[PDB]
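Below, in structure tokens: the form deposited in one PDB entry, a single chain.
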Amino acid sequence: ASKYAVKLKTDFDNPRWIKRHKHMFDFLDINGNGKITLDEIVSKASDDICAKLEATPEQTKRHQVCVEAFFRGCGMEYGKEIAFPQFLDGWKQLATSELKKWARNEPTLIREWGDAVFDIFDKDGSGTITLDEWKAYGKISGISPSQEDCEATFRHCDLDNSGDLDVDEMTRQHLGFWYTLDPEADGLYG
């Protein structure tokens, strides 16, 4: 099943992979000084996202713990200012390590993060994300930025064409977009 099929090979020297991360580094660099801290990352990728998704305190704590673990896996730390080339080096180490974990059936930081996000989107605890649940927070949270893109990306994530998203579909597409430059994940953010 495509929802469990992940590439064994990264493409770190592909300019498209580098540019995806470059776009994020600049987005997350709040004070615009060309260095990223774990403070800035957690503020934009966690504080702001959880608030916009209307997470509970418990869901926010859990998502923050995931994001901290994930970005420390890239060499990030609170108060530690890191320029982009080193940021990218951290991502290279992280992706390589996590893909080995994936292939050995060991837990991954990326799947833990996906669980935390999925839990918030799944407001009724159905174990599924319906189109209405997705549309509610897609544009608001900053994940989709258009209605067209939002409905497209939903169809694109719904790998088994069930009309709804499960945690494995979502995570596998997130991992494909950020770790492996997987062409099957290309539409995730519109």
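In this text, the rigid core denotes the largest set of C-alpha atoms whose superposition between the two forms falls within 1.5 Å. A residue's number is simply how far along the shown sequence it sits, counting from 1.
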{"property": "Of 32-40 and 133-141, the stretch whose C-alpha atoms average the higher B-factor in the entry", "result": "133-141"}
{"property": "Mean temperature factor over C-alpha atoms, higher-scoring stretch between 5-13 and 18-26", "result": "5-13"}
{"property": "Maximum C-alpha temperature factor, selected from 68, 151, 48, 58", "result": "151"}
{"property": "Relative C-alpha B-factor of residue 62, binned into the chain's lowest, middle or highest third", "result": "lowest"}
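Although not depicted, the form deposited in another entry is the subject of the following passage.
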| property | result |
| --- | --- |
| Only residue that shifts (Cα, 2 Å or more, rigid core superposed) between the shown form and the other one, among 28, 55, 38, 66 | 55 |
| Core-aligned C-alpha movement of residue 154 between the shown form and the other one reaching 2 Å | no |
| Residue 138 and residue 28, C-alpha gap in the other form relative to this structure (3 Å or more) | closer |
| Cα separation of residue 66 and residue 140 in the other form versus here, shift of 3 Å or more | closer |
